[PDB]
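Chemist: Compute the structure for the input listed below.
(one chain, ligands or ions: 1)
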Amino acid sequence: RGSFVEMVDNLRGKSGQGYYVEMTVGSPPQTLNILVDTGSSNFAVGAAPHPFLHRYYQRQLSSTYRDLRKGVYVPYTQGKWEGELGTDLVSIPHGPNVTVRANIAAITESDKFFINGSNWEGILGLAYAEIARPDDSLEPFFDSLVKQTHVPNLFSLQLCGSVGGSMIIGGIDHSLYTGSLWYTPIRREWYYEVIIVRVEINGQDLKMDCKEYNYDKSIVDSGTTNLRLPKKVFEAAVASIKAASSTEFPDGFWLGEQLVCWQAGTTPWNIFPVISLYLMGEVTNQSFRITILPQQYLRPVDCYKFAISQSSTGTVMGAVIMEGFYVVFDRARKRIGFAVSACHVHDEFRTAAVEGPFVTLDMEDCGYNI
Ligand SMILES: NCCc1ccc(O)c(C2CCCCC2)c1
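Modeler: Residues are numbered from 1 along each chain as shown. Sharing the structure here:
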């Protein structure tokens, strides 16, 4: 219940190319590296010899494959993926010792989806049925896992910023964090939706109507690299970080339109402010705060990209946030826990922090309604 040595260090990746876990599909087992994505709900894998792919799901080789005789099409702003639905037997070698029948989308056509040079071949959507494609009747993987086994209804993620981490399926590993876990309610079970109630740059409040911090929504998404902020909030946030770091920068850098370079080992972390998000707590009028460093929001590509950007889909707490913390997706109790990660990158002056309780009024007003 508190120690899962089998699952520690079961994630791999490359900077900016997401985190992946090893999975097997079909009988006999076909090994595939699968992107871990808490911002989507489909289990989808390359099923055809796309040139970018190390390997792909070969349905003809599996005796346990069952065709659902149904297509699925997933567009993105950029490109897309398209495939054929089926079910097959699925395991996670460095996960719980179980095998489940899950829906799988065999990807037959895609655009700007697979990354040239990456080491993953599919995507594991860990969010809820509501945002599954083509509709909410297509049971997501984790739902299937919980339904078919005795694996507890929760998972946790330690993303360490090439890169590595841990996905603990069915529990929490206490060696992966220090201090205490603090929980924020899952507002609605579709994305992992939460509510930000206050934002501070270097301890200084933005003083914005908190409703705007969640304009549209705020989600925890392991499939996104950046901390993404709603347009208006991003404007204020950049304006504050820009002013907090007026010690040394082009206009395009803040918009993610170009990179900025320093000499090796001369990176001025200290000119940059810490960023705190206060999240709604479990108790009426109670919140807690998570604090990240420039180590998190300045992502190396010594050339770094500013890893905070604007959004029209709301706040996205991507890898920038998540790499500072151990994150518990406590589905059984409709909450997400945050604790200081035992593996986060820091200096001798400042570290990532999770602190509470704080008194925050009108936290319900911060939620944006349709
Ligand atoms: N919900 C979609 C998740 C997703 C799909 C295809 C991708 O190529 C990516 C990459 C974008 C850059 C960051 C790493 C992962 C993410």
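Chemist: Show me what from the stretch 101-250 of the chain comes close to the ligand.
Modeler: 113, 115, 123, 223, 225 (C-beta under 6 Å from any ligand atom). Where C-beta positions appear, they are placed from N, C-alpha and C, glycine not excepted.
Chemist: can I get the residues you listed in JSON lines with neighbour count?
Modeler: Formatted as JSON lines, these follow (neighbours: other C-beta atoms under 10 Å):
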{"residue": "113", "neighbour count": "19"}
{"residue": "115", "neighbour count": "14"}
{"residue": "123", "neighbour count": "25"}
{"residue": "223", "neighbour count": "20"}
{"residue": "225", "neighbour count": "20"}
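Chemist: and this protein, what are its domains?
Modeler: Domain assignment for the chain by curated CATH domains gives 19-151, 152-370.
Chemist: hang on, the earlier thing: if we take the residues of the stretch 101-250 of the chain next to the ligand, which one ends up nearest to the ligand?
Modeler: When those are ranked by distance to the ligand (C-beta to the nearest ligand atom), residue 223 comes first, at 3.6 Å.
Chemist: Tally up the residues packed near the residue nearest to the closest one when sequence neighbours are not counted, please.
Modeler: Nearest non-adjacent residue to residue 223, counting by C-beta to C-beta, 6 or more residues apart in numbering: residue 37, 3.6 Å away. Residue 37 has 22 neighbours, counted by other C-beta atoms under 10 Å.
Chemist: Contact partners for residue 37?
Modeler: Contact partners of residue 37, counting by C-beta atoms under 8 Å, 6 or more residues apart in numbering, are 18, 123-127, 221-223.
Chemist: Let's see which of these end up in strands.
Modeler: Among those, the subset assigned to strands under DSSP state E consists of 123-125.
Chemist: same for the host helix or strand of residue 291, what does it pack against?
Modeler: According to DSSP states H and E, residue 291 maps onto strand 286-292. Secondary-structure packing of strand 286-292 (3 or more C-beta pairs under 8 Å, 6 or more residues apart in numbering; DSSP states H and E): strand 177-185, strand 196-201, strand 275-280, helix 319-322, strand 353-359.
Chemist: could you check the angle strand 275-280 makes with it?
Modeler: Counting by axes from the mean of the first three to the mean of the last three C-alpha atoms, to 10 degrees, strand 286-292 lies at 150 degrees to strand 275-280.
Chemist: Nearest residue to the closest residue to the ligand within the stretch 1-150 of the chain in space, please, no chain neighbours.
Modeler: Closest to the ligand within the stretch 1-150 of the chain is residue 18: 3.4 Å, counting by C-beta to the nearest ligand atom. Using C-beta to C-beta, 6+ apart and skipping the chain neighbours, the partner closest in space to residue 18 is residue 35 (4.9 Å).
Chemist: need the contact list for the one you found.
Modeler: 18-20, 120, 122-124, 223 are the contacts of residue 35 under C-beta under 8 Å, 6+ apart.
Chemist: how about residue 238, phi and psi?
Modeler: Backbone torsions for residue 238, taken as degrees, to the nearest 10, come to phi -60, psi -50.
Chemist: So of the contacts of residue 37, which two are at opposite extremes in space?
Modeler: Using C-beta to C-beta, the two most remote members of the contacts of residue 37 are 18 and 127, lying 15.1 Å apart.
Chemist: re earlier: can you confirm the residue nearest to residue 18 is in a strand?
Modeler: Yes - under DSSP: H, G, I helix; E, B strand; the rest coil, residue 35 falls within a strand.
Chemist: Give the bridge partners for it, please.
Modeler: Note on residue 35: beta-bridge partners residue 20, residue 123, judged by DSSP bridges.
Chemist: Pick out the residue closest to the middle of the chain.
Modeler: The centroid of the chain falls nearest to residue 222 when counting by C-alpha atoms, centre = their mean (1.3 Å).
Chemist: Contact partners for it?
Modeler: 18-19, 36-39, 126, 157, 159, 318-319, 322.
Chemist: Whichever of those residues count as buried, I'd like them selected in PyMOL; how would that read?
Modeler: Buried members of those, defined by 16 or more other C-beta atoms under 10 Å, are picked up in PyMOL with:
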select buried, resi 18+19+36+37+38+39+126+157+159+318+319+322
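Chemist: now the contacts of residue 222 in CSV, with distance to residue 55?
Modeler: Output for those, formatted as CSV (distance: C-beta to C-beta, whole Å):
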residue, distance to residue 55
18, 17
19, 18
36, 18
37, 19
38, 24
39, 24
126, 22
157, 24
159, 24
318, 27
319, 25
322, 27
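Chemist: returning to what we had before: TSV please, covering the domains of the chain and showing distance to residue 3.
Modeler: Converted to TSV, these look like this (distance: least, C-beta to C-beta, whole Å):
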stretch	distance to residue 3
domain 19-151	14
domain 152-370	6
